[PDB]
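**Student:** Encoded as structure tokens, here's the structure I'll be asking about.
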Ligand SMILES: Nc1ncnc2c1ncn2[C@@H]1O[C@H](COP(=O)(O)OP(=O)(O)O)[C@@H](O)[C@H]1O
Ligand SMILES: Nc1ncnc2c1ncn2[C@@H]1O[C@H](COP(=O)(O)OP(=O)(O)O)[C@@H](O)[C@H]1O
Ligand SMILES: Nc1ncnc2c1ncn2[C@@H]1O[C@H](COP(=O)(O)OP(=O)(O)O)[C@@H](O)[C@H]1O
Ligand code: BEF
Ligand code: BEF
Ligand code: BEF
Ligand SMILES: [Mg+2]
Ligand SMILES: [Mg+2]
Ligand SMILES: [Mg+2]
């Protein structure tokens, strides 16, 4: 059994397509509601689980918090695909550029388009894009504090070697 | 919200990021009164700027603070920046990160003091300086092409291909609207009309703005104007007297195509555009001839696109197709491009912040900007 | 199905075994940008591969990761294999065996690193590394002959009788289409035209591919081009201008028959073929002489089969018939032959398998692929 | 007695054979007036040449009739040769055979038009066209070496051993003293000085010759110049105003080692040397590394021979001496070489005679000279 999100037990959380707009700790501009600064929000969960969840090859999705965790678990693999050989001062800028560049949302090019509900309206697509850009900017910034933990000029190999690993053999 | 200030040689243009045109446009001018001023206390002041200076021009000495895209007087320039923030936009600059424009091939000290004044005196949160040519590609909505930008003080070319500029193929020419205004103010003397004062400079500019046009064939327009009155036009001066103008009405803008008229050696805007294409790599030239992006207020004479397309077609090999791209919004396309750039979500990590000016001084600008 | 991936030094040729002809043919090039990347966003990439590089080349330093059939630059060769599988064939390589190829008399380490990258990076389920001039003989419908393969980087002969190769009689020559391209730049320089950059090297390759041909009698062709208009013709560059050429059209291919032109001491391709036949045992030589097989893109010059038959018939004893076999699809015959081989039912016993690589290490290719 | 005349892209260098130094050393320039010329009896003439053009330059546009060692303007080139013989040397050309010079890898129409002008118009008794580098080896008193020659218009390597040149290992690079002058006109802008007329190109060339020098270690010299110090030096213009330059002194000639400063996708002079040596046959490389010979005015920057010794030592294998000979007379050593070659008692069989040109036409120049 792979590790599912803690937030699938949460209820009446806001939703877009069928992503969960889970509480977030961040500085980036966007629609995600502030988390408690003392608590693990979905990005501390997604970074904590990623290195275990990308070895499994069979993952049942319980609800919209797992659909969110999967998008995070896939975007960590894109970031570790980018980061090889960078200085932290370059990696911040390269992975923010990766986070902000134009991407396909579910319902548009998207790999898991079989499992994610398309946006409910022309307006739901914008609240989805402005969430997923805020999410993946924070996810990149948070990840970099782990991969450049002990030394600031060389990505720690214990994080970089998952760049070949690929959650359930899917990628963005 | 960011400010975009296209701080030009002849006109300031300013507005917020994401506005579709400048909220302010005014003469890039500062002036001091030229007379005894004996009737004191009716609201006189030590110096005048922008539209106020332009409105009182007859009693003023008028100084442009920029010469050929270089700041030639810093006190006058920071008076204009002060006037943009506290009279024309009416915003705290210390709450608005600011995008600034410069010509390519410029003194490094200009960009440094322009940076220093923003962090030391206007206390701005963050700031950026863009080479004003590449803003014309943002306004034109294209990744590729050769700009020709002709301002008040400078005319310059920049080839770009698929997002990369060719900085060896860039070139500039210190001839634009100012030097054409000087030349018109000279050649009207051939008809016996006379203009000499820093006020009368603006009257001749205001004539050049509406009478003047570009000949499609200069020897034909010369021969026809030398044998008919039908090309002549007339205009009235503020003092009440009237003038009538003939071949002078196109012999002025012809200086862009023949700089030897003002005693310059370097070649006209068609030849320099073609040489800037020929200085690029062999493969990109096909796309550059298809994307000659005109820009800046001196590129707005009637007929200039038709003349430019005729001239470059005589230089380039005829077995390919050459086009001039010249939108109605030409005059503002630098500022419009800066408004687009300042709106990009990927650009927001490129603003140079005071929190990296402090440990680096003005010198950061050359490595962080361009 | 199994992939057949003939990663030649000038073109990758890739597709599926039992398919008619290669479905992914593109330059064996990685391009990297060489200019000021000024426009933020814009879809920019740190490097470009294959036809994506070839079409952008006016701003790129194009470099082939492979030289004389030897991989020189593995960090870019992985980039070409990744482009081949995921962008050009759009497969997952972990699902299909790959038949690769290499030229004979290569380094041992070339063959090792090429198996290691297929199993450890591309995670391939099984693979094999055929000799290119064996594959070209399947594509001829034969089991005896002497394949002259010549590509972009290497020319080689492999004599075969009754399906036995005679490995003592294999000839390699490190001269092919890239040396003829570099020589065409050295002689085009003499008429008036300079080509210098890695991008301009592709313009002259695109001249070589359609203006050049092999003279049947070079010393009389040379006198005919020096006395008539008929041998001269012209080509139109990306910059629209025209290039006219004459004796350069056949002096370029002639380097194959006279390697002294590019400073090499060697036999030409005709005498290299005869020196391979004359190394073989005396009873097989008749069946090699009647089955010379041309292959690879450097054998596509108009008139090369007529010239090759002339020069070999002068070296060979006049008592016996010479045939040069030169199909119109000889442009791809090494891929065509790998697509036969990878579909023969005994071949499915010959692959290096993933499990067998994991247990044996990368030296397994030396004790399974020859 | 024989004449020797080096057709240098920047200076004509001419004299008799056996003289110790050139009699005439003057700019390869034709000048024409660009002003109204109202003053009757000013001593004015329709066109100017050499030092008369250089001294009168304020009223002139200056035209170099050679670009990159290729004559681009024949009608003005025969004006320079006429000035050379009749005004500068004061000789009848019908009394003296002429040794002329040409850089390698050069449009052979140049060589034909040149010999045609000598025989048809100057009626010279006999003449020859030496390779520009092979003369440089004679002046060194040497017979094995790699000649790195770099003038005003061209830079080239000729590797030569026991008097046999390796024509396949000859390498030419169209980057020289003008490209450094024009890059200096570009980067002098960063201080806010400006130079744009052809007369001002000569003022920047006169700066380049005495202010610029080659950094031994470019990044460390940049980091040393980043603090104001003994790096910066004054120069006084013909205008009587002073200018000061800092790291512009060594960014100037660093372009020889980094052609990407002028946007060229080519190796610097160090890798162009090492690539020429590594194209040579394996036994001669030791003797080429031991006998590298510099020539031409662009090899005269302070520190260039020292920095070349440092760069070739970093490319070549470490066991062996590397010795770049930099003669103090290397300003003229091509002409010194011509003064030796035309004087040797074995050479008189090699002149093209007027009597065999009158049979063969101009194409004899190839069959005799290379
Ligand atoms: N319609 C026009 N036709 C020709 N010249 C014009 C026209 N409108 C304005 N000008 C000229 O435009 C110039 C200003 O162009 P601009 O791009 O704003 O220059 P800058 O940015 O450098 O201040 C002035 O010299 C003015 O005389
Ligand atoms: N029509 C042609 N005429 C001459 N040369 C050709 C022709 N077609 C292809 N070539 C040359 O063949 C070479 C590529 O051949 P190829 O067999 O694919 O080589 P490789 O296997 O080493 O990649 C290139 O040098 C190319 O220019
Ligand atoms: N002392 C010097 N230091 C550096 N460059 C020099 C020096 N003297 C002359 N040059 C430059 O070398 C070039 C002239 O070299 P020369 O050998 O005469 O070239 P060419 O033979 O092709 O005419 C000019 O660009 C000139 O400014
Ligand atoms: F400053 Be403007 F562009 F001349
Ligand atoms: F690599 Be190709 F076969 F020359
Ligand atoms: F013509 Be010089 F040798 F550059
Ligand atoms: Mg402007
Ligand atoms: Mg091949
Ligand atoms: Mg010279």
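Since chain C takes its numbers from Swiss-Prot, the residues it shows come out as 8-377.
Going by what the header records, the deposited coordinates were determined by electron microscopy, 3.2 Å.
Quick reminder: no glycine exception, Cβ is built from N, Cα and C everywhere.
Annotations per Swiss-Prot:
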type: MOD_RES; residues: C:46; note: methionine (R)-sulfoxide
type: MOD_RES; residues: C:49; note: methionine (R)-sulfoxide
type: MOD_RES; residues: C:63; note: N6-malonyllysine
type: MOD_RES; residues: C:75; note: tele-methylhistidine
type: MOD_RES; residues: C:86; note: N6-methyllysine
type: MOD_RES; residues: C:179; note: ADP-ribosylarginine
type: REGION; residues: C:112-125; note: region 'Interaction with alpha-actinin'
type: REGION; residues: C:360-372; note: region 'Interaction with alpha-actinin'
**Student:** In whole Å, how far does the CA atom of residue C:46 (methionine (R)-sulfoxide) lie from that of residue C:86 (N6-methyllysine)?
**Tutor:** 25
**Student:** Do you know which of the modified residues C:46, C:49 has the most other C-beta atoms within 10 angstroms of its C-beta?
**Tutor:** C:46
**Student:** Please spell out the DSSP helix, strand and coil residue counts for the region 'Interaction with alpha-actinin' (C:112-125).
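**Tutor:** Across the region 'Interaction with alpha-actinin' (C:112-125), DSSP assigns the residues as follows: 11 helix, 0 strand, 3 coil.
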**Student:** Once the chains shown are all counted, how many other Cβ atoms turn up within 10 Å of the Cβ of residue C:63 (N6-malonyllysine)?
**Tutor:** 20
**Student:** For the region 'Interaction with alpha-actinin' (C:112-125), could you work out the same-chain residues 6 or more beyond its ends whose Cβ comes under 8 Å from its Cβ atoms?
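**Tutor:** Tertiary neighbours of the region 'Interaction with alpha-actinin' (C:112-125) are 76-78, 81, 84-85, 88, 100, 105, 131, 134, 136, 163, 177, 179, 359, 364, 369-373, 376.
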**Student:** Work out how many Å separate residue C:63 (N6-malonyllysine) and residue C:49 (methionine (R)-sulfoxide) at their Cα atoms, rounded off.
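**Tutor:** For residue C:63 (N6-malonyllysine) versus residue C:49 (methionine (R)-sulfoxide), the Cα atoms are 14 Å apart.
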**Student:** Please list the DSSP helix, strand and coil residue counts for the region 'Interaction with alpha-actinin' (C:360-372).
**Tutor:** 11 helix, 1 strand, 1 coil
**Student:** In whole Å, how far does the CA atom of the residue listed as 'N6-methyllysine' lie from that of residue C:75 (tele-methylhistidine)?
**Tutor:** 19
**Student:** Under a criterion of Cβ-Cβ distance under 8 Å and sequence separation of at least 6, what residues of the same chain contact the residue listed as 'ADP-ribosylarginine'?
**Tutor:** C:110, C:111, C:112, C:161, C:162, C:163
**Student:** Just to confirm: which same-chain residues, 6+ apart in sequence, have a Cβ under 8 Å from the Cβ of residue C:75 (tele-methylhistidine)?
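**Tutor:** Once residues fewer than 6 apart are set aside, residue C:75 (tele-methylhistidine) is near C:16, C:160, C:161, C:181.
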**Student:** Identify, in sequence order, the modified residues in C:75, C:86, C:179 that approach chain B with a C-beta to C-beta distance under 8 Å; the answer is 'none' if none do.
**Tutor:** none
**Student:** Once the DSSP letters are reduced so that anything not helix or strand counts as coil, what is residue C:75 (tele-methylhistidine)?
**Tutor:** coil
**Student:** Among all the protein chains here, how many other CB atoms are within 10 A of the CB of residue C:86 (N6-methyllysine)?
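**Tutor:** The answer is 17.
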**Student:** Indicate whether the residue listed as 'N6-methyllysine' is helix, strand or coil by DSSP.
**Tutor:** helix
